[PDB]
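A.B. asks: File protein.cif follows (mmCIF, N, CA and C atoms):
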```cif
data_target
loop_
_atom_site.label_atom_id
_atom_site.label_comp_id
_atom_site.auth_asym_id
_atom_site.auth_seq_id
_atom_site.Cartn_x
_atom_site.Cartn_y
_atom_site.Cartn_z
N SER A 1 -7.76 12.75 -110.16
CA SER A 1 -7.31 13.72 -111.15
C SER A 1 -5.80 13.84 -111.16
N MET A 2 -5.26 14.42 -112.23
CA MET A 2 -3.83 14.63 -112.33
C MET A 2 -3.39 15.68 -111.30
N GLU A 3 -4.23 16.69 -111.09
CA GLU A 3 -3.89 17.74 -110.14
C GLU A 3 -3.73 17.18 -108.72
N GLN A 4 -4.65 16.31 -108.31
CA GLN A 4 -4.61 15.76 -106.96
C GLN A 4 -3.32 14.98 -106.72
N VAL A 5 -2.87 14.25 -107.74
CA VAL A 5 -1.60 13.53 -107.68
C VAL A 5 -0.41 14.48 -107.54
N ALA A 6 -0.40 15.53 -108.37
CA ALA A 6 0.65 16.55 -108.31
C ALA A 6 0.72 17.15 -106.92
N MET A 7 -0.46 17.43 -106.36
CA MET A 7 -0.58 17.95 -105.00
C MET A 7 0.03 17.00 -103.98
N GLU A 8 -0.27 15.72 -104.13
CA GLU A 8 0.21 14.71 -103.21
C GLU A 8 1.72 14.51 -103.35
N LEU A 9 2.25 14.78 -104.54
CA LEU A 9 3.69 14.75 -104.76
C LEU A 9 4.36 15.88 -103.98
N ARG A 10 3.73 17.05 -104.03
CA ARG A 10 4.20 18.22 -103.29
C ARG A 10 4.24 17.91 -101.79
N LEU A 11 3.09 17.50 -101.26
CA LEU A 11 2.97 17.12 -99.86
C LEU A 11 4.01 16.06 -99.46
N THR A 12 4.21 15.07 -100.33
CA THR A 12 5.19 14.02 -100.07
C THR A 12 6.59 14.60 -100.03
N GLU A 13 6.83 15.61 -100.87
CA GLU A 13 8.12 16.27 -100.88
C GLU A 13 8.29 17.14 -99.64
N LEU A 14 7.22 17.80 -99.23
CA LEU A 14 7.24 18.61 -98.01
C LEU A 14 7.58 17.72 -96.83
N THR A 15 6.92 16.57 -96.79
CA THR A 15 7.13 15.58 -95.74
C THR A 15 8.58 15.12 -95.72
N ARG A 16 9.16 14.91 -96.90
CA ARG A 16 10.56 14.53 -97.00
C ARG A 16 11.46 15.61 -96.40
N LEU A 17 11.18 16.86 -96.75
CA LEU A 17 11.97 17.98 -96.23
C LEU A 17 11.77 18.14 -94.72
N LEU A 18 10.53 18.02 -94.27
CA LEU A 18 10.23 18.17 -92.85
C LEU A 18 10.83 17.03 -92.03
N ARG A 19 10.93 15.85 -92.61
CA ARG A 19 11.58 14.74 -91.93
C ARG A 19 13.05 15.05 -91.67
N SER A 20 13.70 15.67 -92.65
CA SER A 20 15.09 16.08 -92.52
C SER A 20 15.24 17.15 -91.44
N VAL A 21 14.36 18.15 -91.47
CA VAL A 21 14.33 19.18 -90.43
C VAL A 21 14.14 18.57 -89.05
N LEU A 22 13.20 17.63 -88.93
CA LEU A 22 12.90 17.03 -87.64
C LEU A 22 14.13 16.32 -87.09
N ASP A 23 14.84 15.61 -87.96
CA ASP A 23 16.04 14.91 -87.52
C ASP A 23 17.11 15.88 -87.05
N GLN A 24 17.29 16.97 -87.80
CA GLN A 24 18.26 17.99 -87.43
C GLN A 24 17.90 18.64 -86.10
N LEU A 25 16.61 18.85 -85.86
CA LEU A 25 16.17 19.45 -84.60
C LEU A 25 16.36 18.50 -83.43
N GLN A 26 16.02 17.23 -83.64
CA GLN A 26 16.14 16.26 -82.56
C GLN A 26 17.61 16.01 -82.20
N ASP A 27 18.51 16.25 -83.15
CA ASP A 27 19.94 16.11 -82.87
C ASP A 27 20.40 17.16 -81.86
N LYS A 28 19.65 18.26 -81.76
CA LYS A 28 19.98 19.33 -80.83
C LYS A 28 19.44 19.04 -79.43
N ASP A 29 18.93 17.82 -79.25
CA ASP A 29 18.43 17.33 -77.96
C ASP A 29 19.12 16.02 -77.61
N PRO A 30 20.45 16.05 -77.43
CA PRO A 30 21.13 14.76 -77.23
C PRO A 30 20.74 14.08 -75.92
N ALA A 31 20.27 14.86 -74.95
CA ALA A 31 19.80 14.31 -73.68
C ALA A 31 18.45 13.58 -73.82
N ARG A 32 17.79 13.77 -74.96
CA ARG A 32 16.48 13.18 -75.26
C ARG A 32 15.39 13.57 -74.25
N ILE A 33 15.49 14.81 -73.78
CA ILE A 33 14.52 15.37 -72.85
C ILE A 33 13.16 15.56 -73.54
N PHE A 34 13.19 15.76 -74.86
CA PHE A 34 11.96 16.07 -75.61
C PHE A 34 11.54 14.94 -76.55
N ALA A 35 12.20 13.79 -76.42
CA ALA A 35 11.96 12.65 -77.29
C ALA A 35 10.57 12.06 -77.17
N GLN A 36 10.02 12.05 -75.95
CA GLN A 36 8.76 11.35 -75.69
C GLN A 36 7.78 12.23 -74.93
N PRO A 37 6.48 11.91 -74.98
CA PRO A 37 5.53 12.66 -74.14
C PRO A 37 5.93 12.67 -72.67
N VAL A 38 5.74 13.80 -71.99
CA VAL A 38 5.86 13.81 -70.54
C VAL A 38 4.91 12.77 -69.95
N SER A 39 5.46 11.87 -69.14
CA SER A 39 4.70 10.77 -68.55
C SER A 39 3.61 11.21 -67.57
N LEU A 40 2.36 10.85 -67.85
CA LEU A 40 1.27 11.25 -66.98
C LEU A 40 1.22 10.34 -65.77
N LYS A 41 1.95 9.23 -65.83
CA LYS A 41 2.14 8.40 -64.65
C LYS A 41 3.12 9.06 -63.69
N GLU A 42 4.22 9.57 -64.24
CA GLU A 42 5.26 10.19 -63.42
C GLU A 42 5.00 11.66 -63.10
N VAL A 43 4.20 12.32 -63.94
CA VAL A 43 3.77 13.69 -63.68
C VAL A 43 2.25 13.76 -63.80
N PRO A 44 1.53 13.26 -62.77
CA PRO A 44 0.07 13.12 -62.89
C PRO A 44 -0.69 14.45 -63.02
N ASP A 45 -0.09 15.57 -62.63
CA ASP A 45 -0.78 16.86 -62.69
C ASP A 45 -0.44 17.65 -63.95
N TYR A 46 0.31 17.05 -64.87
CA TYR A 46 0.88 17.79 -65.99
C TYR A 46 -0.21 18.49 -66.82
N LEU A 47 -1.33 17.81 -67.04
CA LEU A 47 -2.38 18.35 -67.89
C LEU A 47 -3.15 19.48 -67.22
N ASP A 48 -2.98 19.64 -65.91
CA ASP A 48 -3.52 20.80 -65.21
C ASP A 48 -2.74 22.06 -65.56
N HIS A 49 -1.49 21.86 -65.97
CA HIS A 49 -0.59 22.97 -66.30
C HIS A 49 -0.51 23.22 -67.80
N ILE A 50 -0.33 22.14 -68.55
CA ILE A 50 -0.08 22.21 -69.97
C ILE A 50 -1.26 21.65 -70.76
N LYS A 51 -1.90 22.50 -71.56
CA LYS A 51 -3.13 22.09 -72.22
C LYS A 51 -2.90 21.40 -73.56
N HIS A 52 -1.75 21.65 -74.18
CA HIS A 52 -1.43 20.99 -75.43
C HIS A 52 -0.01 20.43 -75.41
N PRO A 53 0.16 19.25 -74.80
CA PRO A 53 1.47 18.61 -74.73
C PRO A 53 2.01 18.30 -76.12
N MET A 54 3.33 18.31 -76.26
CA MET A 54 3.94 17.95 -77.52
C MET A 54 5.32 17.38 -77.25
N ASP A 55 5.82 16.59 -78.20
CA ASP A 55 7.14 15.98 -78.09
C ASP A 55 7.56 15.50 -79.47
N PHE A 56 8.82 15.12 -79.62
CA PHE A 56 9.33 14.73 -80.94
C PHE A 56 8.68 13.45 -81.48
N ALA A 57 8.35 12.51 -80.60
CA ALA A 57 7.74 11.26 -81.05
C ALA A 57 6.35 11.52 -81.63
N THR A 58 5.59 12.37 -80.95
CA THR A 58 4.26 12.71 -81.42
C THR A 58 4.33 13.47 -82.75
N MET A 59 5.28 14.39 -82.89
CA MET A 59 5.48 15.11 -84.16
C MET A 59 5.79 14.15 -85.30
N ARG A 60 6.63 13.17 -85.01
CA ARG A 60 7.03 12.20 -86.03
C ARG A 60 5.84 11.36 -86.50
N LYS A 61 4.95 10.99 -85.59
CA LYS A 61 3.74 10.25 -85.97
C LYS A 61 2.90 11.07 -86.94
N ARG A 62 2.70 12.34 -86.62
CA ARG A 62 1.92 13.20 -87.49
C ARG A 62 2.63 13.37 -88.83
N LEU A 63 3.95 13.54 -88.78
CA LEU A 63 4.76 13.70 -89.99
C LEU A 63 4.60 12.55 -90.98
N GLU A 64 4.68 11.33 -90.48
CA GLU A 64 4.65 10.17 -91.36
C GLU A 64 3.24 9.87 -91.86
N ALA A 65 2.24 10.42 -91.19
CA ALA A 65 0.87 10.38 -91.70
C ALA A 65 0.62 11.55 -92.65
N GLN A 66 1.70 12.23 -93.04
CA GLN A 66 1.62 13.45 -93.86
C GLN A 66 0.61 14.46 -93.30
N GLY A 67 0.69 14.71 -91.99
CA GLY A 67 -0.25 15.57 -91.30
C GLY A 67 0.15 17.03 -91.17
N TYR A 68 1.31 17.39 -91.71
CA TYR A 68 1.72 18.80 -91.76
C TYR A 68 1.54 19.34 -93.18
N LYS A 69 0.60 20.25 -93.36
CA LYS A 69 0.28 20.76 -94.70
C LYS A 69 1.23 21.88 -95.13
N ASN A 70 1.96 22.44 -94.17
CA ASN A 70 2.91 23.52 -94.42
C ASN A 70 3.90 23.62 -93.27
N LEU A 71 4.98 24.37 -93.47
CA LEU A 71 6.01 24.53 -92.45
C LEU A 71 5.47 25.20 -91.19
N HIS A 72 4.54 26.13 -91.35
CA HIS A 72 3.98 26.84 -90.20
C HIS A 72 3.37 25.86 -89.19
N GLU A 73 2.60 24.89 -89.67
CA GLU A 73 2.00 23.89 -88.78
C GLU A 73 3.07 23.10 -88.02
N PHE A 74 4.17 22.79 -88.70
CA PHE A 74 5.28 22.04 -88.13
C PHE A 74 5.97 22.88 -87.06
N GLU A 75 6.20 24.15 -87.37
CA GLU A 75 6.83 25.07 -86.43
C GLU A 75 5.99 25.29 -85.18
N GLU A 76 4.67 25.32 -85.35
CA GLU A 76 3.77 25.48 -84.21
C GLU A 76 4.01 24.38 -83.18
N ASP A 77 4.15 23.15 -83.67
CA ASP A 77 4.34 21.99 -82.81
C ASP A 77 5.72 22.01 -82.16
N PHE A 78 6.74 22.42 -82.91
CA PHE A 78 8.09 22.55 -82.35
C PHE A 78 8.07 23.60 -81.25
N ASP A 79 7.38 24.70 -81.51
CA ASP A 79 7.30 25.77 -80.52
C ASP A 79 6.57 25.28 -79.28
N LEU A 80 5.59 24.39 -79.43
CA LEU A 80 4.88 23.85 -78.26
C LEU A 80 5.82 23.09 -77.34
N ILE A 81 6.73 22.32 -77.93
CA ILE A 81 7.67 21.55 -77.13
C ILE A 81 8.45 22.48 -76.22
N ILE A 82 8.96 23.56 -76.81
CA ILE A 82 9.79 24.52 -76.09
C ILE A 82 9.00 25.33 -75.07
N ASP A 83 7.86 25.87 -75.51
CA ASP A 83 7.10 26.77 -74.66
C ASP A 83 6.47 26.04 -73.47
N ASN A 84 6.01 24.82 -73.70
CA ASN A 84 5.45 24.02 -72.61
C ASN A 84 6.50 23.80 -71.54
N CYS A 85 7.70 23.47 -71.99
CA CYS A 85 8.79 23.16 -71.08
C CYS A 85 9.22 24.38 -70.25
N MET A 86 9.24 25.55 -70.88
CA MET A 86 9.68 26.76 -70.21
C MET A 86 8.60 27.31 -69.27
N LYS A 87 7.37 26.81 -69.37
CA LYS A 87 6.36 27.18 -68.39
C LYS A 87 6.34 26.20 -67.21
N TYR A 88 6.33 24.91 -67.50
CA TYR A 88 6.21 23.91 -66.46
C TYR A 88 7.44 23.90 -65.57
N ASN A 89 8.61 24.07 -66.17
CA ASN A 89 9.85 23.98 -65.42
C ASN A 89 10.45 25.33 -65.09
N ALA A 90 11.00 25.46 -63.89
CA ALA A 90 11.61 26.71 -63.48
C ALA A 90 12.90 27.00 -64.25
N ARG A 91 13.26 28.27 -64.26
CA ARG A 91 14.41 28.77 -64.99
C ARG A 91 15.73 28.05 -64.66
N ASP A 92 15.89 27.61 -63.42
CA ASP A 92 17.16 27.04 -62.99
C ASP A 92 17.20 25.50 -63.08
N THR A 93 16.42 24.93 -64.00
CA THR A 93 16.36 23.48 -64.11
C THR A 93 17.03 23.03 -65.40
N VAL A 94 17.49 21.78 -65.42
CA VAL A 94 18.10 21.24 -66.63
C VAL A 94 17.08 21.19 -67.78
N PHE A 95 15.81 21.00 -67.45
CA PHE A 95 14.75 20.97 -68.45
C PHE A 95 14.56 22.32 -69.15
N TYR A 96 14.44 23.38 -68.36
CA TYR A 96 14.25 24.71 -68.93
C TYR A 96 15.45 25.08 -69.78
N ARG A 97 16.65 24.80 -69.26
CA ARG A 97 17.86 25.20 -69.98
C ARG A 97 17.98 24.41 -71.28
N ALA A 98 17.51 23.17 -71.26
CA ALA A 98 17.54 22.36 -72.48
C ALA A 98 16.61 22.93 -73.55
N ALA A 99 15.45 23.43 -73.14
CA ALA A 99 14.53 24.06 -74.09
C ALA A 99 15.10 25.34 -74.68
N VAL A 100 15.79 26.13 -73.86
CA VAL A 100 16.41 27.36 -74.36
C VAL A 100 17.45 27.06 -75.44
N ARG A 101 18.28 26.06 -75.17
CA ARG A 101 19.33 25.66 -76.11
C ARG A 101 18.74 25.08 -77.39
N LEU A 102 17.68 24.28 -77.27
CA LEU A 102 17.00 23.73 -78.44
C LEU A 102 16.37 24.84 -79.29
N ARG A 103 15.75 25.81 -78.63
CA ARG A 103 15.17 26.93 -79.36
C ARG A 103 16.25 27.73 -80.08
N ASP A 104 17.35 28.02 -79.39
CA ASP A 104 18.43 28.82 -79.99
C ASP A 104 19.06 28.10 -81.18
N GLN A 105 19.41 26.83 -80.98
CA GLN A 105 20.09 26.06 -82.02
C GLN A 105 19.15 25.64 -83.15
N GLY A 106 17.86 25.55 -82.84
CA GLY A 106 16.88 25.12 -83.83
C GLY A 106 16.52 26.22 -84.80
N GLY A 107 16.67 27.46 -84.36
CA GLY A 107 16.32 28.61 -85.17
C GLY A 107 17.10 28.68 -86.47
N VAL A 108 18.36 28.25 -86.42
CA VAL A 108 19.22 28.21 -87.59
C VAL A 108 18.64 27.30 -88.66
N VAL A 109 18.22 26.12 -88.22
CA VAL A 109 17.65 25.09 -89.07
C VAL A 109 16.33 25.54 -89.68
N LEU A 110 15.48 26.11 -88.84
CA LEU A 110 14.16 26.58 -89.28
C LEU A 110 14.25 27.78 -90.21
N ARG A 111 15.26 28.62 -90.02
CA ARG A 111 15.48 29.75 -90.92
C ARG A 111 15.78 29.25 -92.33
N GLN A 112 16.62 28.22 -92.41
CA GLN A 112 16.97 27.60 -93.68
C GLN A 112 15.76 26.90 -94.32
N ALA A 113 15.05 26.12 -93.51
CA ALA A 113 13.88 25.39 -93.99
C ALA A 113 12.85 26.31 -94.65
N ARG A 114 12.58 27.45 -94.02
CA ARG A 114 11.64 28.42 -94.58
C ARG A 114 12.08 28.90 -95.96
N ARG A 115 13.37 29.16 -96.13
CA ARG A 115 13.88 29.59 -97.42
C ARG A 115 13.71 28.48 -98.46
N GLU A 116 13.96 27.23 -98.06
CA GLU A 116 13.86 26.09 -98.99
C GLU A 116 12.42 25.79 -99.40
N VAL A 117 11.50 25.87 -98.45
CA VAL A 117 10.09 25.65 -98.73
C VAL A 117 9.57 26.72 -99.69
N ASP A 118 10.03 27.95 -99.49
CA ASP A 118 9.67 29.07 -100.37
C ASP A 118 10.27 28.90 -101.77
N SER A 119 11.57 28.62 -101.83
CA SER A 119 12.26 28.51 -103.11
C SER A 119 11.74 27.31 -103.92
N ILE A 120 11.75 26.13 -103.31
CA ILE A 120 11.26 24.93 -103.98
C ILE A 120 9.75 25.00 -104.21
N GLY A 121 9.07 25.84 -103.43
CA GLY A 121 7.64 26.02 -103.58
C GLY A 121 6.83 24.81 -103.15
N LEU A 122 6.70 24.62 -101.84
CA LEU A 122 5.96 23.48 -101.30
C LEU A 122 4.76 23.92 -100.48
#
```
Represent the structure contained in this file as structure tokens.

C.D. replies:
Amino acid sequence: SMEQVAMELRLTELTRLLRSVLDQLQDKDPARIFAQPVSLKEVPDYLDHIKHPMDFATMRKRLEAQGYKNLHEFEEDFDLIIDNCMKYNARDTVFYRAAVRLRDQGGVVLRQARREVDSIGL
């Protein structure tokens, strides 16, 4: 139908916007601490602690499969990256501090994205 195509254009546009957001967020992680899944070889007990692991590479896979239907779903996954890290790692670690900085600096970007998704209507 014509409607289904219009819908898919919207989703494709959302994906385009979310790809830009993802790049801006990952730029706030120059150490690349959150670039890849936590290694279950190097951290064999990780899944005993963290029940829903997340990372930028995994988000990007979902993104390019157009797997985020709205900004809220995308934000949930971004929040998982941060929250997982702040639980597994102690306050005085480079990992925890990196998550705090990513959350603080990322909020600016996400505040803008929400306004754009609303205004453009995606």

A.B. asks: Measuring between only C-alpha atoms, which one of A:33, A:14, A:54, A:7 shows the shortest distance to residue 94 (chain A)?

C.D. replies: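 Ranked by minimum distance to residue 94 (chain A), first place goes to A:33.
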
A.B. asks: Work out how far apart CA of residue 121 (chain A) and CA of residue 13 (chain A) are and give it in Å to one decimal.

C.D. replies: 10.1 Å

A.B. asks: Please report as JSON lines every residue of region 47-75 of chain A lying within 12 Å of region 24-32 of chain A, along with the nearest atom pair and their distance in Å (one decimal), using only C-alpha atoms.

C.D. replies:
```
{"residue": "A:55", "atom": "CA", "partner": "A:26", "partner_atom": "CA", "distance": 10.1}
{"residue": "A:56", "atom": "CA", "partner": "A:26", "partner_atom": "CA", "distance": 7.2}
{"residue": "A:57", "atom": "CA", "partner": "A:26", "partner_atom": "CA", "distance": 9.9}
{"residue": "A:59", "atom": "CA", "partner": "A:26", "partner_atom": "CA", "distance": 10.8}
{"residue": "A:60", "atom": "CA", "partner": "A:26", "partner_atom": "CA", "distance": 10.6}
{"residue": "A:74", "atom": "CA", "partner": "A:25", "partner_atom": "CA", "distance": 11.7}
{"residue": "A:75", "atom": "CA", "partner": "A:25", "partner_atom": "CA", "distance": 11.1}
```

A.B. asks: What does the distance between atom N of residue 6 (chain A) and atom N of residue 119 (chain A) come to in Å, to one decimal place?

C.D. replies: 18.9 Å

A.B. asks: Enumerate as a ChimeraX atom specification all residues of chain A assigned to alpha helix (DSSP H) by DSSP on the backbone, naming them with the chain letters and numbers the document uses.

C.D. replies: /A:2-26,46-49,56-64,71-88,94-120

A.B. asks: Rounded to one decimal in Å, what is the spacing between CA of residue 64 (chain A) and CA of residue 20 (chain A)?

C.D. replies: 12.1 Å

A.B. asks: For a quick check of your reading of the model, name the residues lying within 9 Å of the coordinate (1.1, 28.9, -98.0), counting only C-alpha atoms, and write them as a compact mmCIF listing (two decimals) with N, CA and C atoms, keeping the file's coordinate frame.

C.D. replies:
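Writing done, so here's result.txt:
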```txt
# COMPACT_ATOMS: atom_id res chain seq x y z
N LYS A 69 0.60 20.25 -93.36
CA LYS A 69 0.28 20.76 -94.70
C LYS A 69 1.23 21.88 -95.13
N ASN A 70 1.96 22.44 -94.17
CA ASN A 70 2.91 23.52 -94.42
C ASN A 70 3.90 23.62 -93.27
N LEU A 71 4.98 24.37 -93.47
CA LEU A 71 6.01 24.53 -92.45
C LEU A 71 5.47 25.20 -91.19
N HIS A 72 4.54 26.13 -91.35
CA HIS A 72 3.98 26.84 -90.20
C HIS A 72 3.37 25.86 -89.19
N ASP A 118 10.03 27.95 -99.49
CA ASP A 118 9.67 29.07 -100.37
C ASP A 118 10.27 28.90 -101.77
N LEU A 122 6.70 24.62 -101.84
CA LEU A 122 5.96 23.48 -101.30
C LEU A 122 4.76 23.92 -100.48
```

A.B. asks: Please provide as JSON, numbers by chain all residues within 10 Å of region 76-81 of chain A, with the sequence filter that same-chain residues fewer than 6 positions apart are discarded (counting only C-alpha atoms).

C.D. replies: {"A": [22, 25, 34, 35, 37, 50, 52, 53, 54, 55, 56, 58, 59, 68, 99, 102, 103, 106]}

A.B. asks: What are the centre and the three edge lengths of an axis-aligned box that wraps all atoms of region 33-41 of chain A in the file, given that 3 Å is added to every side, written as AutoDock Vina command-line options and rounded to one decimal in Å?

C.D. replies:
```
--center_x 8.4 --center_y 12.2 --center_z -70.5 --size_x 20.3 --size_y 13.7 --size_z 19.6
```

A.B. asks: A:112, A:15, A:104, A:45: which is nearest residue 61 (chain A), counting only C-alpha atoms?

C.D. replies: A:15

A.B. asks: Which residue gives the smallest distance to residue 63 (chain A) among A:4, A:105, A:36, A:12, with only C-alpha atoms counted?

C.D. replies: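 Once distances to residue 63 (chain A) are computed over only C-alpha atoms, the minimum belongs to A:12.
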
A.B. asks: Could you add the missing atoms to region 64-86 of chain A, up to N, CA, C and O atoms, and return them as a PDB file, in the coordinates of the input?

C.D. replies:
```
ATOM      1  N   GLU A  64       4.680  11.330 -90.480  1.00  0.00           N
ATOM      2  CA  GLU A  64       4.650  10.170 -91.360  1.00  0.00           C
ATOM      3  C   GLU A  64       3.240   9.870 -91.860  1.00  0.00           C
ATOM      4  O   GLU A  64       3.073   9.154 -92.846  1.00  0.00           O
ATOM      5  N   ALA A  65       2.240  10.420 -91.190  1.00  0.00           N
ATOM      6  CA  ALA A  65       0.870  10.380 -91.700  1.00  0.00           C
ATOM      7  C   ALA A  65       0.620  11.550 -92.650  1.00  0.00           C
ATOM      8  O   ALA A  65      -0.524  11.821 -93.004  1.00  0.00           O
ATOM      9  N   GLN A  66       1.700  12.230 -93.040  1.00  0.00           N
ATOM     10  CA  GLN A  66       1.620  13.450 -93.860  1.00  0.00           C
ATOM     11  C   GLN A  66       0.610  14.460 -93.300  1.00  0.00           C
ATOM     12  O   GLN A  66      -0.201  15.009 -94.038  1.00  0.00           O
ATOM     13  N   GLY A  67       0.690  14.710 -91.990  1.00  0.00           N
ATOM     14  CA  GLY A  67      -0.250  15.570 -91.300  1.00  0.00           C
ATOM     15  C   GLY A  67       0.150  17.030 -91.170  1.00  0.00           C
ATOM     16  O   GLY A  67      -0.589  17.825 -90.581  1.00  0.00           O
ATOM     17  N   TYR A  68       1.310  17.390 -91.710  1.00  0.00           N
ATOM     18  CA  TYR A  68       1.720  18.800 -91.760  1.00  0.00           C
ATOM     19  C   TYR A  68       1.540  19.340 -93.180  1.00  0.00           C
ATOM     20  O   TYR A  68       2.253  18.931 -94.087  1.00  0.00           O
ATOM     21  N   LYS A  69       0.600  20.250 -93.360  1.00  0.00           N
ATOM     22  CA  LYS A  69       0.280  20.760 -94.700  1.00  0.00           C
ATOM     23  C   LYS A  69       1.230  21.880 -95.130  1.00  0.00           C
ATOM     24  O   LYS A  69       1.304  22.221 -96.306  1.00  0.00           O
ATOM     25  N   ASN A  70       1.960  22.440 -94.170  1.00  0.00           N
ATOM     26  CA  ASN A  70       2.910  23.520 -94.420  1.00  0.00           C
ATOM     27  C   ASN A  70       3.900  23.620 -93.270  1.00  0.00           C
ATOM     28  O   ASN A  70       3.678  23.031 -92.214  1.00  0.00           O
ATOM     29  N   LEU A  71       4.980  24.370 -93.470  1.00  0.00           N
ATOM     30  CA  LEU A  71       6.010  24.530 -92.450  1.00  0.00           C
ATOM     31  C   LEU A  71       5.470  25.200 -91.190  1.00  0.00           C
ATOM     32  O   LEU A  71       5.912  24.894 -90.079  1.00  0.00           O
ATOM     33  N   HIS A  72       4.540  26.130 -91.350  1.00  0.00           N
ATOM     34  CA  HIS A  72       3.980  26.840 -90.200  1.00  0.00           C
ATOM     35  C   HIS A  72       3.370  25.860 -89.190  1.00  0.00           C
ATOM     36  O   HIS A  72       3.607  25.976 -87.986  1.00  0.00           O
ATOM     37  N   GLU A  73       2.600  24.890 -89.670  1.00  0.00           N
ATOM     38  CA  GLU A  73       2.000  23.890 -88.780  1.00  0.00           C
ATOM     39  C   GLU A  73       3.070  23.100 -88.020  1.00  0.00           C
ATOM     40  O   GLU A  73       2.895  22.777 -86.849  1.00  0.00           O
ATOM     41  N   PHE A  74       4.170  22.790 -88.700  1.00  0.00           N
ATOM     42  CA  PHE A  74       5.280  22.040 -88.130  1.00  0.00           C
ATOM     43  C   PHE A  74       5.970  22.880 -87.060  1.00  0.00           C
ATOM     44  O   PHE A  74       6.280  22.398 -85.974  1.00  0.00           O
ATOM     45  N   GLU A  75       6.200  24.150 -87.370  1.00  0.00           N
ATOM     46  CA  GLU A  75       6.830  25.070 -86.430  1.00  0.00           C
ATOM     47  C   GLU A  75       5.990  25.290 -85.180  1.00  0.00           C
ATOM     48  O   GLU A  75       6.534  25.450 -84.078  1.00  0.00           O
ATOM     49  N   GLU A  76       4.670  25.320 -85.350  1.00  0.00           N
ATOM     50  CA  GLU A  76       3.770  25.480 -84.210  1.00  0.00           C
ATOM     51  C   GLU A  76       4.010  24.380 -83.180  1.00  0.00           C
ATOM     52  O   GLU A  76       4.096  24.648 -81.978  1.00  0.00           O
ATOM     53  N   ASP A  77       4.150  23.150 -83.670  1.00  0.00           N
ATOM     54  CA  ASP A  77       4.340  21.990 -82.810  1.00  0.00           C
ATOM     55  C   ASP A  77       5.720  22.010 -82.160  1.00  0.00           C
ATOM     56  O   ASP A  77       5.852  21.672 -80.985  1.00  0.00           O
ATOM     57  N   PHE A  78       6.740  22.420 -82.910  1.00  0.00           N
ATOM     58  CA  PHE A  78       8.090  22.550 -82.350  1.00  0.00           C
ATOM     59  C   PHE A  78       8.070  23.600 -81.250  1.00  0.00           C
ATOM     60  O   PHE A  78       8.612  23.394 -80.165  1.00  0.00           O
ATOM     61  N   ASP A  79       7.380  24.700 -81.510  1.00  0.00           N
ATOM     62  CA  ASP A  79       7.300  25.770 -80.520  1.00  0.00           C
ATOM     63  C   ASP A  79       6.570  25.280 -79.280  1.00  0.00           C
ATOM     64  O   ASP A  79       6.893  25.723 -78.172  1.00  0.00           O
ATOM     65  N   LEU A  80       5.590  24.390 -79.430  1.00  0.00           N
ATOM     66  CA  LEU A  80       4.880  23.850 -78.260  1.00  0.00           C
ATOM     67  C   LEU A  80       5.820  23.090 -77.340  1.00  0.00           C
ATOM     68  O   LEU A  80       5.723  23.186 -76.129  1.00  0.00           O
ATOM     69  N   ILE A  81       6.730  22.320 -77.930  1.00  0.00           N
ATOM     70  CA  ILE A  81       7.670  21.550 -77.130  1.00  0.00           C
ATOM     71  C   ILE A  81       8.450  22.480 -76.220  1.00  0.00           C
ATOM     72  O   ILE A  81       8.576  22.243 -75.014  1.00  0.00           O
ATOM     73  N   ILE A  82       8.960  23.560 -76.810  1.00  0.00           N
ATOM     74  CA  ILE A  82       9.790  24.520 -76.090  1.00  0.00           C
ATOM     75  C   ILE A  82       9.000  25.330 -75.070  1.00  0.00           C
ATOM     76  O   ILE A  82       9.410  25.472 -73.907  1.00  0.00           O
ATOM     77  N   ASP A  83       7.860  25.870 -75.510  1.00  0.00           N
ATOM     78  CA  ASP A  83       7.100  26.770 -74.660  1.00  0.00           C
ATOM     79  C   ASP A  83       6.470  26.040 -73.470  1.00  0.00           C
ATOM     80  O   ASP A  83       6.414  26.595 -72.367  1.00  0.00           O
ATOM     81  N   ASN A  84       6.010  24.820 -73.700  1.00  0.00           N
ATOM     82  CA  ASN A  84       5.450  24.020 -72.610  1.00  0.00           C
ATOM     83  C   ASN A  84       6.500  23.800 -71.540  1.00  0.00           C
ATOM     84  O   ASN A  84       6.257  23.955 -70.343  1.00  0.00           O
ATOM     85  N   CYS A  85       7.700  23.470 -71.990  1.00  0.00           N
ATOM     86  CA  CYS A  85       8.790  23.160 -71.080  1.00  0.00           C
ATOM     87  C   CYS A  85       9.220  24.380 -70.250  1.00  0.00           C
ATOM     88  O   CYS A  85       9.512  24.250 -69.057  1.00  0.00           O
ATOM     89  N   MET A  86       9.240  25.550 -70.880  1.00  0.00           N
ATOM     90  CA  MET A  86       9.680  26.760 -70.210  1.00  0.00           C
ATOM     91  C   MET A  86       8.600  27.310 -69.270  1.00  0.00           C
ATOM     92  O   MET A  86       8.891  28.171 -68.438  1.00  0.00           O
TER      93      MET A  86
END
```
